[PDB]
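S.K.: first chunk of the complex, coordinates as they sit in the assembly:
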Amino acid sequence: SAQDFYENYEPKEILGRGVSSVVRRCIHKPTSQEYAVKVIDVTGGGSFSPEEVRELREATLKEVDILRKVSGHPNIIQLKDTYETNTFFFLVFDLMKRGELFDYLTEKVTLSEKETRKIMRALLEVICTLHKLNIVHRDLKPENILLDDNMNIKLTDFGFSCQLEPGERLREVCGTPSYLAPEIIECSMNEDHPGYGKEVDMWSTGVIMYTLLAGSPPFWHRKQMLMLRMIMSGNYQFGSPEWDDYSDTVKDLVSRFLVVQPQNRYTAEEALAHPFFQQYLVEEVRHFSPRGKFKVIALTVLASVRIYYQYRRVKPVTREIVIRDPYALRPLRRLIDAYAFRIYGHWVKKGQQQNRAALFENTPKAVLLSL
C-alpha cells in the first residue's frame, strides 16, 4: 500500500522521466540513505487499456522477479523492495547521482580506451552472471546503463528480460532497433529460424564498444528498415579518419561480438579472456624458455624504442594541417566532436531519429544521395 511506501521512504525530487515510468529520489527514513524510486503509472493517464494495464503489471511482476533472482552483485542495482498499488507500482533501488551512459556519452563524445575497459569489464562480468543464471536481457542500450560517482556501471531496465527454459530460444521482438542482433530481425522476417538464445546480449554489448569509442552506433541510418539490412548482413567499418588511432587489440574484440552468425559469437566467459581485459597481477612467476627470456628483453627494448618512435611521429598542430584536413588528426577531431555535442547535445535522445550518428557526417553527400 501507499502507506507502506511513505512509512519507509519520502520522495524529494524528480530525477528522470519515461514513457509511463518516473524515477524519483527518496530518503529512507530509518536509515537516511539515498535511494532511487521508479514510479510507473499503471493506468498511464487513461491511455492504457485494461489489457495494457494488466500487461504492464505482469511485465512489472516479472520485472521484480529477475531483479529478485540477481542480488548482491556489484554492477546491477538492488531492488530493495517493491510496492504495488491499484494505480502505481513503486520500485525502490540504489541512487545513481550521475545519469545514464547516454548522457555521459553526450558529454564526452569519444570515450577513452582506459575508461571503456572497466566500464565493459563490469558489463561483460554483468553478462556472465546473467548467462550463468540463464537470463537474457535483449535490452543492453547505454540508456539502460547507469553510472555512479565512481563511474561504476549499474545495468538498469531488465524490463525486456526473460528467463529461457534450458535450451529454448525466443521469438518476440523486444528492443529499440539499433541494438538488435542480426537474428532478432531474421526471426522477425522468417519462421524457420527457431529463435535466439542467450548469445543475443553479446551483440548488444559489442555495439556499445563502437558507440563508446567512436560516438556513433555501428549501423545507423535515418529510415527504419535500412538499418536492419546493415545489421543482418553485418556491414561495419572502422572508418577513417576516426577509427585509425585506436590500438589494434580494440578492433578484433569488436568484430568478435559483431559476427552475424550467433554460434561463432564471443561468449561472455571467453570475452573477458581477450587480451584487452587482461590485468597485470604483480605476483606472477612467469617462467620462460631461454628464447622466452630473449624475447622479453628484446621486447622490453622494442617497447622503449617504440615509445620514442611513436611520439616523435605525432605532428604538432600547425596552420596548414588545420586548413587541409582537421578531422584527420586526433587532437582537432576530438575537439570538433566535443564542441559538436555542446551545441547540439540536446538533439541526441533515445530512439532512431535522435541517435548520436546524426551528429556525424562521415560520407560525401553524393554517396549519401546515391539512392
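M.R.: Perfect, I can see it now. Numbers count the residues shown, from 1 in each chain, chains lettered A, B, ... in the order given.

S.K.: CA atoms for contacts and neighbours, from now on please.
M.R.: Fine.

S.K.: and the residue nearest to residue A:359 when sequence neighbours are not counted, what helix or strand is that in?
M.R.: Using CA to CA, 6 or more residues apart in numbering and skipping residues adjacent in sequence, the residue nearest residue A:359 is residue A:340, 7.3 Å away. Per DSSP states H and E: residue A:340 is located in helix A:330-343.

S.K.: contacting residues around the residue nearest the centre of chain A?
M.R.: Centrality entry for chain A: nearest residue to the mean C-alpha point is residue A:142, 3.7 Å, by CA atoms, centre = their mean. Contact analysis of residue A:142 by CA atoms under 8 Å, 6 or more residues apart in numbering lists A:100-102, A:208.

S.K.: give me that answer again for 6 Å
M.R.: A:101-102 (CA atoms under 6 Å, 6 or more residues apart in numbering).

S.K.: can you map out the helices along the stretch 101-250 of chain A?
M.R.: Taking DSSP state H, counting those that start in this stretch, the helices of the stretch 101-250 of chain A run over residues A:101-107, A:113-132, A:182-189, A:200-214, A:224-233, A:248-258.

S.K.: Of those, which is nearest residue A:345?
M.R.: Residue A:345 sits nearest to helix A:101-107 of all these, at 6.1 Å, using CA to CA.

S.K.: Would you check that residue A:16 makes contact with residue A:25?
M.R.: No. In this structure, residue A:16 is not within contact of residue A:25 by CA atoms under 6 Å, at 9.2 Å.

S.K.: Between those two, which is the more surrounded one?
M.R.: residue A:25 (24 against 12; other CA atoms under 10 Å).

S.K.: which element follows the helix or strand containing that one toward the C-terminus?
M.R.: Assigned by DSSP H and E, residue A:25 falls within strand A:21-28. As assigned by DSSP H and E, the chain's next helix or strand after strand A:21-28 is strand A:33-41.

S.K.: what about the spatially most distant residue from the centre of chain A, distance to residue A:329?
M.R.: Each residue of chain A has a distance to the centre, and by CA atoms, centre = their mean the biggest one is for residue A:290: 44.1 Å. Counting by CA to CA, to the nearest Å, the separation of residue A:290 from residue A:329 is 42 Å.

S.K.: what's the answer for residue A:128, then?
M.R.: Applying CA to CA to residue A:128 and residue A:329 gives a distance of 38 Å.

S.K.: now do residue A:359
M.R.: Computed as CA to CA, the residue A:359 to residue A:329 distance reads 19 Å.

S.K.: Include this sequence as chain B:
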Amino acid sequence: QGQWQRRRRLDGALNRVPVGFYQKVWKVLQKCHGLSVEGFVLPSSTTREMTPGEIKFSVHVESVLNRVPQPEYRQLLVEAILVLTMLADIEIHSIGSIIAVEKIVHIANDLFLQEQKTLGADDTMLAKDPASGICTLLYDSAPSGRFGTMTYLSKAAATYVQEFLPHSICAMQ
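M.R.: Below, chain B sits with the chains from the block before:
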C-alpha cells in the same frame, strides 16, 4: 527541407546557444579587436564594459547575432563563433584585428562546395539557399565528421586568420 535544416531552423530561431557561449565570447574578444556580423561590429571594448557573466553582455552578443534574419544561418554563425574559441585556445598569438564571423561560413560554404564537386556531387544536390548564400546541403550536413559543418568551419576559421595573421603559432594541440 532536411533533418539538420529542421534542426538548425529550430536552433537558430530560438537563439539556443550552448552553456557558457556568452562566457566564451568574452575570452575570444580579448584576443581580438571585435567580432563583425554582416558588418555590425561587437568590439573588444565591450569585454571591459560588462563582465563575461553580465546579462547585458549577453544582449550585446545576441544583438549582433540577430543581424542575420534567416534562422538557420544564425546557428551557422553560432558554431562558427565557437570554432574560433577552440582555435583561439590552440593559437598562442592574437589576431589583433576584426573577424567577420559571417565570412567564415561563406568560404566554408565555398570549401564545402569544392570537396563535394571533387567527390561526385552534382549541381542539383548542391543548390544555393536563395537568401543566405549557403548550400542547402551544408545546412543539412551533420555538425561533426569528416565532412561535417564544423569541420569545414574549423577549416575556414583558419584561412581568414591567414590574411589577418601572417604568422601563427599553435600549441597545446
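
S.K.: same question on the nearest residue to residue A:359, but with chain B included?
M.R.: Distances taken as CA to CA, 6 or more residues apart in numbering or on different chains place residue B:142 nearest to residue A:359, at 4.9 Å, with adjacent residues excluded.

S.K.: Quick one: residues contacting that neighbour.
M.R.: Listed by CA atoms under 6 Å, 6 or more residues apart in numbering or on different chains, the contact partners of residue B:142 are A:359-361, B:148.

S.K.: For ChimeraX, what selects the buried ones among the residues you listed?
M.R.: Typed into ChimeraX, the line below selects the buried ones among the contacts of residue B:142, using 16 or more other CA atoms under 10 Å in any protein chain shown:
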select /A:359,360,361 /B:148
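
S.K.: Reformat the contacts of residue B:142 as CSV; add distance to residue A:336.
M.R.: Converted to CSV, the contacts of residue B:142 look like this (distance: CA to CA, whole Å):
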residue, distance to residue A:336
A:359, 11
A:360, 10
A:361, 12
B:148, 9
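
S.K.: and the contacts of residue B:142, which of them are in strands?
M.R.: Among those, no residue falls in strands (DSSP state E).

S.K.: Between the contacts of residue B:142, which sits nearest residue B:96?
M.R.: Once CA to CA is applied, the member of the contacts of residue B:142 that ends up nearest residue B:96 is residue B:148, at 28.8 Å.

S.K.: what distance separates the strand holding residue A:25 from the centre of its chain?
M.R.: Relative to the centre of its chain, strand A:21-28 is centred 23 Å away, using CA atoms, centre = their mean, to the nearest Å.

S.K.: Likewise for stretch A:61-68?
M.R.: For stretch A:61-68 - counting by CA atoms, centre = their mean - the centre lies 21 Å from the chain centre.

S.K.: Past the one helix or strand residue A:61 maps to, which element shows up next along the chain?
M.R.: Using DSSP H and E, the secondary-structure element containing residue A:61 is helix A:50-69. Per DSSP H and E, helix A:50-69 leads on to strand A:81-84 as the next helix or strand towards the C-terminus.

S.K.: how close does residue A:312 sit to chain B?
M.R.: Distance, residue A:312 to chain B, using CA to the nearest CA, to the nearest Å: 15 Å.

S.K.: how many neighbours does that residue have?
M.R.: When neighbours are counted by other CA atoms under 10 Å in any protein chain shown, residue A:312 registers 9.

S.K.: Could you list every helix and strand that the helix holding residue A:61 packs against?
M.R.: Where contact means 3 or more CA pairs under 6 Å, 6 or more residues apart in numbering or on different chains; DSSP states H and E, helix A:50-69 is not packed against any helix or strand.

S.K.: Identify all contacting residues around it.
M.R.: Residues contacting helix A:50-69 (CA under 6 Å, 6+ apart): A:42-43, A:159.

S.K.: following sequence is chain C, add it:
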Amino acid sequence: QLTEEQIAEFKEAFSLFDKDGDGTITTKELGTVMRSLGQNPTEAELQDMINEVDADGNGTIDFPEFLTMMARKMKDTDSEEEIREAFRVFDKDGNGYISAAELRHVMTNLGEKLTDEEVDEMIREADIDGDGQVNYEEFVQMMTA
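M.R.: Below, chain C sits with the chains from the block before:
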C-alpha cells in the same frame, strides 16, 4: 590472437620496465629504462612520451595499456624502423652481430641478473646462422615469430 605466451612476453617486458612493483610505469621509471638503454630524454620528453601512450594515466603507463602498444599496431615501415632501432640498441658496437656479451650488456642495463651460459644459450637457442651472433635477419624473423 596474441597468445598466452605473447601476453606473457608483454607482461614480463612491463616488469622489466618497472623496478618498483608498482603495477604502473612512471615517467621517471620509463626514464630509468631509456637511460639504461642509453637514450636519455628530457624529463619533459618523457612526460609527453607517457602521455602519447595513455592520455589520462597521469604519467603512468599501465600493462593493459602496455599491451595495447606492444600489439603490432606498427606499420611495416614503422616497425621496420623500430625493429632496426632495437637492433642497434642491441649493438653498442654497431658491428652488426649480436654478442653474447652484448645481450648481457642489455640485461645488465635492465638490472636482471642471468647466467652467463644461459645467455649464450639464449643466443644459441635462437641462433643458427650467427654462431655466437644473432643477425638482424634472425632478429626480424624472430620478432614476428
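
S.K.: once more on the contacts of residue B:142, this time with chain C?
M.R.: A:359-361, B:148.

S.K.: among those, which are in reach of chain C?
M.R.: Contacts with chain C are made by none of the contacts of residue B:142, judged by CA under 6 Å from any CA of the partner chain.

S.K.: How much space separates the closest residue in space to residue A:339 that isn't next to it in sequence from chain C?
M.R.: Leaving aside its chain neighbours, residue A:339 sits nearest to residue B:82 (7.5 Å; criterion: CA to CA, 6+ apart). Counting by CA to the nearest CA, the separation of residue B:82 from chain C is 24 Å.

S.K.: got the buried residues for the helix or strand encompassing residue B:82?
M.R.: Under the criterion of DSSP H and E, residue B:82 resides in helix B:71-90. Buried residues in helix B:71-90, counting neighbours by 16+ other CA under 10 Å, are found at B:71-88, B:90.

S.K.: what do you get for stretch B:42-59?
M.R.: Buried, per 16+ other CA under 10 Å, within stretch B:42-59: B:42-44, B:46-47, B:52, B:57-58.

S.K.: buried set for stretch C:119-138?
M.R.: Buried-residue list, stretch C:119-138, by 16+ other CA under 10 Å: C:119-124, C:126-127, C:130-136.

S.K.: same question, stretch B:11-26
M.R.: Of the residues in stretch B:11-26, B:11-13, B:15, B:17-18, B:21-22, B:24-26 count as buried by neighbour count, 16+ other CA under 10 Å.

S.K.: What of stretch A:143-152?
M.R.: Residues of stretch A:143-152 classed as buried: A:143-147, A:152 (neighbour count, 16+ other CA under 10 Å).

S.K.: Now do the same contact list for the residue nearest the centre of chain B.
M.R.: By CA atoms, centre = their mean, the mean C-alpha position of chain B lies nearest to residue B:80, the distance being 1.7 Å. Residues counted as contacts of residue B:80 (CA under 6 Å, 6+ apart): none.

S.K.: again, only using 7 Å
M.R.: Neighbour list for residue B:80: B:101, B:105, B:153 [criterion: CA atoms under 7 Å, 6 or more residues apart in numbering or on different chains].

S.K.: Could you tell me how many residues sit around the nearest residue to the first one once chain neighbours are set aside?
M.R.: Of all residues beyond its chain neighbours, the one nearest residue B:101 is residue B:37 (5.7 Å), with distances taken as CA to CA, 6+ apart. Residues lying near residue B:37 (other CA under 10 Å) number 20.

S.K.: In contact with residue B:37, which residues are there?
M.R.: By CA under 7 Å, 6+ apart, the contact list for residue B:37 reads B:64-65, B:67, B:100-102.
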